[PDB]
Amino acid sequence: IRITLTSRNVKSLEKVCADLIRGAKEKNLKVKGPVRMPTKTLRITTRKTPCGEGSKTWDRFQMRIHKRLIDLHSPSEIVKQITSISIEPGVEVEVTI
Amino acid sequence: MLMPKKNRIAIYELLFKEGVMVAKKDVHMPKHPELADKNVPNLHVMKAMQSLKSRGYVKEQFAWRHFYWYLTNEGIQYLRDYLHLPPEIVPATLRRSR
Amino acid sequence: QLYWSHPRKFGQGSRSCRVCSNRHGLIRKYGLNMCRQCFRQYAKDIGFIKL
Amino acid sequence: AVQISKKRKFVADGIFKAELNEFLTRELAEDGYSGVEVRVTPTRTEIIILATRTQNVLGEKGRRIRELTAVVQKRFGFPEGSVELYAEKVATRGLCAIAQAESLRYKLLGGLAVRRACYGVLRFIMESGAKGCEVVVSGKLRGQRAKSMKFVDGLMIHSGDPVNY
Amino acid sequence: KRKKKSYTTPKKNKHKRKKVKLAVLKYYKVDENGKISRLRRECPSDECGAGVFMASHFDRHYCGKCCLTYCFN
RNA sequence: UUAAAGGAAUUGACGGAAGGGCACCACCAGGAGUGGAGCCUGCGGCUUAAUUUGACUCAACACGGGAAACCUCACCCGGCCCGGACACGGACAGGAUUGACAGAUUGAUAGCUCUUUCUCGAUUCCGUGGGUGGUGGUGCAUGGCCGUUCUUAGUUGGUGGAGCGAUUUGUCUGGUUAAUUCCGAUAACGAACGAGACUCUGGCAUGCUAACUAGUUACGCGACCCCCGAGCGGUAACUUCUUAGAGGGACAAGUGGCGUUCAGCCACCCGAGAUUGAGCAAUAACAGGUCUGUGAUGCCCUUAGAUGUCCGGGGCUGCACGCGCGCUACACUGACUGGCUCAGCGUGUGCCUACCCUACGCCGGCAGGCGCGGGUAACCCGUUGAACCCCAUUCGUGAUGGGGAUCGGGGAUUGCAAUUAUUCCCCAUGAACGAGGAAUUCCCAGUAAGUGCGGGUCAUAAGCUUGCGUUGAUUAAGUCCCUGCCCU
Ligand SMILES: [Mg+2]
Ligand SMILES: [Mg+2]
Ligand SMILES: [Mg+2]
Ligand SMILES: [Mg+2]
Ligand SMILES: [Mg+2]
Ligand SMILES: [Mg+2]
Ligand SMILES: [Mg+2]
Ligand SMILES: [Mg+2]
Ligand SMILES: [Mg+2]
Ligand SMILES: [Mg+2]
Ligand SMILES: [Mg+2]
Ligand SMILES: [Mg+2]
Ligand SMILES: [Mg+2]
Ligand SMILES: [Mg+2]
Ligand SMILES: [Mg+2]
Ligand SMILES: [Mg+2]
Ligand SMILES: [Mg+2]
Ligand SMILES: [Mg+2]
Ligand SMILES: [Mg+2]
Ligand SMILES: [Mg+2]
Ligand SMILES: [Mg+2]
Ligand SMILES: [Mg+2]
Ligand SMILES: [Mg+2]
Ligand SMILES: [Mg+2]
Ligand SMILES: [Mg+2]
Ligand SMILES: [Zn+2]
């Protein structure tokens with residue numbers, strides 16, 4: 001049983017990670033670590049201009065997709081109990097049993 | 001050129017049921033995607049809603065491809081002539097509230 | 001009535017943009033449909049920054 | 001039964017945010033529109049519109065916010081009342097430059113000439129706790145040529161990373 | 001530029017279709033003051049010939065709603 | 001005959017005027033080249049019914065991410081549709097308002113028209129006004145955006161001095177720096193934008209935080225060899241190797257010297273580094289480009305046989321020519337054949353509306369086809385067994401086996417359709433080219449260059465462009481001589 005926390009930005013990622021570990025320390029569960037994933041980046045290059053005047057001046061737009069995975073062996077009632085989290089809206093939660 | 005009577009009552013019946021209509025710009029030339037609510041894709045919908053947006057009955061909005069149709073209290077006051085055909089029922093926008 | 005011939009299932013005409021149905025300029029395949037002009041103004045709204 | 005990848009669902013959500021925010025600043029130009037904060041919840045898709053004049057958002061008898069809910073739900077595919085809208089009041093009117101330009105548009109339409117309108121909005125922004133402001137008006141301004149009229153007061157940073165926030 | 005698309009009309013100054021008929025169209029025949037004799041051949045049972053009749057041709061036939069083709073020597 | 005000619009004085013600009021500094025879009029010592037040949041891709045000019053158009057020194061010319069069979073298409077030829085909203089009003093068909101079977105013509109089974117006559121039916125058709133559409137003109141009306149002045153460090157108000165005044169002082173004699181960066185003096189004071197400061201990447205490290213969607217140490221299952229406890233590979237602990245979360249680490253700090261008390265400069269060491277590369281980037285302008293990105297827009301033009309929109313062909317690919325960016329060669333440091341061995345960005349499916357990444361096995365020599373499986377992704381492609389490079393054979397200075405342009409026949413793949421363009425593969429044909437004149441472009445350390453890969457258009461589709469990797473130079477680290485810039 002695994003839980004994936006995929007965040008938009010690093011600050012909300014670390015806040016929801018600290019909150020989830022703080023909520024998982026007190027229970028009698030062998031909590032695995034917040035396994036760091038490689039950061040994904042969608043690089044987009046743009047001409048910057050509708051008509052071709054001047055030098056070849058190009059944009060560089062990026063994102064920073066951040067992802068964490070944990071493993072929590074638990075019954076489904078305890079998983080649904082842990083599932084209720086006051087969370088930042090920039091964090092997506094996925095579960096897998 | 002005559003629209004079917006089932007369509008001519010059904011698009012206004014859907015407008016009576018909701019009050020919010022949605023279509024897009026794609027009039028039939030690359031592809032024929034039928035409407036997610038009704039049968040005719042875009043052309044009969046535009047021909048039905050142009051008579052409402054022409055006389056100031058239902059307002060028009062645009063979101064990058066999509067024509068949204070906006071309902072007014074004065075719009076309902078002018079659609080009272082269509083409301084003669086059913087019994088007097090305010091649609092699910094104005095009467096009740098939760 | 002022969003209204004819809006030349007079915008346009010490929011190529012340039014099949015790419016219709018979400019912004020203004022632009023078809024002379026290209027449309028990128030990134031899970032995205034922009035016009036490369038308005039993408040500059042709208043990248044900060046859809047989540048892209050310059051860095 | 002369908003799914004899309006993490007590399008595309010985020011840009012689809014970003015295009016959704018841009019679509020919703022820019023269409024609401026298209027059609028809600030009357031009141032004071034600041035922005036939206038859409039929250040992710042697998043039971044109720046919450047859309048929080050932060051506005052200055054919340055009267056046009058709330059409507060007369062609770063009508064226009066439910067009409068916007070219908071506008072969202074009858075295209076974006078959320079049946080059974082999944083999308084829920086909440087309006088928030090912004091007590092600081094002079095804080096949002098989007099709202100200030102939104103008011104300046106309708107003030108410059110019906111009379112209220114450019115000089116006195118710029119002095120009025122600079123007085124309002126200087127009263128509303130702001131450290132610095134700049135209003136640039138370009139176009140045919142009392143002549144056939146385009147004369148850029150600039151009105152700047154206070155403390156304004158133009159270069160660097162923290163310009164955006 | 002300074003291009004121009006004007007009227008030359010090499011072939012014909014053609015026009016479109018306008019349906020012209022008689023004043024009224026009678027399909028029946030009065031016999032014995034109450035019996036109607038049928039003049040035109042009906043259409044077979046394919047949800048067409050309930051009220052749709054065939055057009056007179058030398059060897060062909062026509063459904064108005066369904067465009068059925070039938071031929072006999 | 002003329003409405004100015006004049007005088008000092010203020011601010012720009014200019015000087016083949018002086019002083020002080022900067023820059024490889026400048027030079028020196030150099031490196032790689034272009035311009036010479038072939039080809040690709042754009043421009044001008046020709047030709048045609050059309051060969052659609054904008055852009056013309058940096059600041060256009062593989063730019064419109066402009067790689068077109070129709071698609072894109074805005075250009076020529078032919079043919080349909082009105083999506084002609086809506087107010088009045090003409091016939092109102094005693095209800096026949098627009099879709100059509102068969103034959104002639106037209107690519108068409110376009111009811112385009114004609115012969116013929118059935119049909120959903122108060123939506124019609126037409127006129128009078130208005131409205132809509134236009135990749136039509138106008139960027140010399142404009143908004144927004146971009147480029148350039150300008151990648152140099154410059155710019156401005158408040159109060160107070162000088163002058164009637166435009167203006168000036170603040171914004172500087174001098175020293176220093178990449179900088180109007182600072183110290184200092186000072187009729188100026190307190191200030192502001194900008195530069196720095198900011199964000200990311202690269203460099204070092206924690207036995208802090210951790211990992212079965214990433215590995216190690218021993219251990220067993222377990223194949224081979226000596227058989228002498230050894231050696232290569234397949235299938236209980238902690239992050240050293242792949243990832244990032246916080247924090248640290250570098251600030252000209254310590255020493256010697258030069259500098260004015262200063263501001264600062266040069267060499268050492270500890271260090272991974274004595275500072276890398278980008279982004280953002282001021283006041284004010286160009287009468288720079290874009291109306292052909294937008295239902296962003298003012299005026300004019302067309303609105304029924306349409307400058308609106310569909311369908312079928314051609315075209316932008318058309319060549320007596322010149323020019324620009326690029327690819328390949330002109331061989332022996334090499335070409336061919338065989339063996340060996342290494343990666344990093346980044347991409348991939350049933351999409352807000354039609355689509356891939358391919359692993360394994362079989363068949364075919366080849367491009368390819370078939371059966372099946374995995375991957376909505378650190379899971380599978382994939383430990384991207386990449387090219388140059390590392391060894392062995394052949395070639396032998398010959399326009400040669402370097403060069404593969406041109407041309408003929410055939411075989412597979414995407415697409416409905418490739419012939420006046422796909423693309424790839426097999427054979428064959430084997431030109432010019434002997435290191436390029438006048439002139440000219442870029443560059444100082446993981447740098448130029450050699451070489452390959454990923455993304456953009458993509459369906460087939462890179463010689464373009466953006467990024468990533470492998471090998472990796474010579475020589476300056478100075479100057480204002482050519483060009484240009486900053487301040488007196
Ligand atoms: Mg301007
Ligand atoms: Mg004088
Ligand atoms: Mg030189
Ligand atoms: Mg060369
Ligand atoms: Mg040449
Ligand atoms: Mg040449
Ligand atoms: Mg021109
Ligand atoms: Mg247009
Ligand atoms: Mg201009
Ligand atoms: Mg302009
Ligand atoms: Mg001009
Ligand atoms: Mg500047
Ligand atoms: Mg004075
Ligand atoms: Mg001054
Ligand atoms: Mg480590
Ligand atoms: Mg309009
Ligand atoms: Mg062309
Ligand atoms: Mg040409
Ligand atoms: Mg070029
Ligand atoms: Mg050869
Ligand atoms: Mg030869
Ligand atoms: Mg080479
Ligand atoms: Mg592809
Ligand atoms: Mg490609
Ligand atoms: Mg190109
Ligand atoms: Zn568009």
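Residues numbered from 1 in each chain as written, not as in the entry; some residues may be left out. Chains lettered and ligands numbered in written order. Part of a larger assembly, values for the part shown. Heavy atoms only, no water.

What the deposited record gives as its method is cryo-EM, and the resolution it gives is 3.5 Å.

## Examining the interface of chain D and chain B
Contact residues are listed per partner, giving 16 residues for chain D and 18 residues for chain B. Our enumeration of links across chain D and chain B arrives at one salt bridge. Residue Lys74 of chain D is joined to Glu18 of chain B by a salt bridge in which the shortest nitrogen-to-oxygen separation is 3.4 Å. Where chain D touches chain B, the interface holds seven residue pairs in polar contact. Contributions of two or more residues to the side of chain D that touches chain B are made by α1 (6-27) and α3 (64-76) of chain D. No other element matches α3 of chain D, which puts eight residues into the side of chain D that touches chain B. Tallied by class, the residues present in the side of chain D that touches chain B amount to four nonpolar, one polar and eleven charged. (Contact = heavy atoms within 4.5 Å. Salt bridge = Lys/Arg side-chain N within 4 Å of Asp/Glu carboxyl O. Polar contact = N/O pair within 3.5 Å; in protein donor to acceptor, adjacent residues only side chain to side chain. Helix = DSSP H or I, 4+ residues; strand = E, 2+ residues; numbered from the N terminus. Nonpolar A, V, L, I, M, F, W, Y, C, P; charged D, E, K, R; others polar.)

## Some remarks on the packing of α1 of chain D against α3 of chain D
All names here are of chain D. Orientation of α1 relative to α3, taken along the N-to-C sense of each, is 140 degrees, at an axis distance of 13 Å. Between α1 and α3, the interaxial angle falls into the category oblique. At the point where α1 passes α3, the crossing takes the right-handed sense. Of α3, the residues touching α1 (which contributes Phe16, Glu19, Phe23, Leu24 and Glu27) are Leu68, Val71 and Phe76. Taken together, the residues of the contact of α1 with α3 sort by class into six nonpolar, no polar and two charged. (Axes fitted to C-alpha atoms, helices over the stretch in contact; angles between N-to-C directions. Parallel < 35°, antiparallel > 145°, perpendicular 65-115°, else oblique. Left-handed = near helix turned anticlockwise from the far one by under 90°.)

## Description of the environment of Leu24 of chain D
All names here are of chain D. Along the polypeptide, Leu24 turns up in helix α1. Expressed as a C-alpha distance, the spacing of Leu24 and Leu68, which sit 44 residues apart in the sequence, is 9.2 Å. Setting aside its immediate chain neighbours within four residues, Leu24 contacts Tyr33, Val36, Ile49 and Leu68.

## Considerations on the state of the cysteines
All names here are of chain E. Taken as a whole and judged by the stated rule, the model has two disulfides over all chains. One disulfide in the model links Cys48 with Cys66; its S-S distance is 2.0 Å. Of this pair, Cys48 sits in the segment after β2 (35-36) while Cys66 sits in the segment after β2, placing them 18 residues apart in sequence. Look at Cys48 and you get buried, because its relative accessible area is 6%. (Disulfide = S-S within 2.5 Å. Buried < 20%, exposed > 50% of the residue type's maximum accessible area, 1.4 Å probe, protein only.)

## Notes on the protein's contact with RNA strand F
Around RNA strand F there are 129 residues in total, and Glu53 of chain A, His6 of chain C together with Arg8, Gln144 and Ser159 of chain D lie nearest to it. Of all RNA strand F atoms lying within 4 Å of any protein atom, the proportion belonging to sugar or phosphate reaches 69%. Separating a sugar or linking oxygen of RNA strand F from a backbone N or O atom of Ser5 of chain D is a distance of 3.3 Å. Elements supplying a minimum of two residues to the surface near RNA strand F: α1 (10-24), β2 (35-36) and β3 (66-71) of chain A, α2 (43-54) and β2 (59-63) of chain B, α1 (38-46) of chain C together with α1 and α3 of chain D. For the surface near RNA strand F, the residue count by class is 44 nonpolar, 38 polar and 47 charged. (Near = heavy atom within 4 Å.)

## Re the nonpolar core
Formed by 21 residues in total, the largest nonpolar core has its most connected members in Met21, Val45, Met49, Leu52, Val58 and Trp69 of chain B. Taken together, the elements giving at least two residues each to this core come down to α1 (5-17), β1 (21-24), α2 and β3 (66-70) of chain B. With five residues, the single largest contributor to this core is α1 of chain B. Each residue touching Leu52 of chain B, except ones within four places of it in the same chain, is listed here: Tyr12, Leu15, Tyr57, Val58 and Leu79 of chain B. Within the second largest apolar cluster, 20 residues are counted, among which are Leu42 and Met63 of chain A together with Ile27 and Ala43 of chain C. (Core = buried A, V, L, I, M, F, W, Y, C linked by side-chain atoms within 4.5 Å.)

## A look at the environment of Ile85 of chain A
Note that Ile85 of chain A resides in the loop between α2 (76-83) and β4 (91-96). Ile85 of chain A gets classed as partly exposed once you look at its relative accessible area, which sits at 38%.

## Some thoughts on the interface of chain C and chain D
At the junction of the two partners, chain C supplies eight residues and chain D supplies six residues. Between chain C and chain D lies a buried interface of about 710 Å² when both sides are counted; carbon and sulfur atoms form 62% of it. Of all residues in chain C, the largest losses of buried area upon contact with chain D belong to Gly31, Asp45 and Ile46 of chain C, amounting jointly to 54% of the total for that side. Run the count over chain C and chain D and you get zero salt bridges. A class-by-class count of the residues in the side of chain C that touches chain D yields five nonpolar, one polar and two charged. (Buried area = accessible area lost by both parts, 1.4 Å probe.)

## As for the side chain of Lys6 of chain D
Structurally, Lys6 of chain D is set in helix α1. There is a polar contact of 2.7 Å between the side chain of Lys6 of chain D and the side chain of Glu94 of chain A. Apart from residues lying up to four places away in sequence, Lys6 of chain D is in contact with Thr6, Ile65, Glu92 and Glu94 of chain A.

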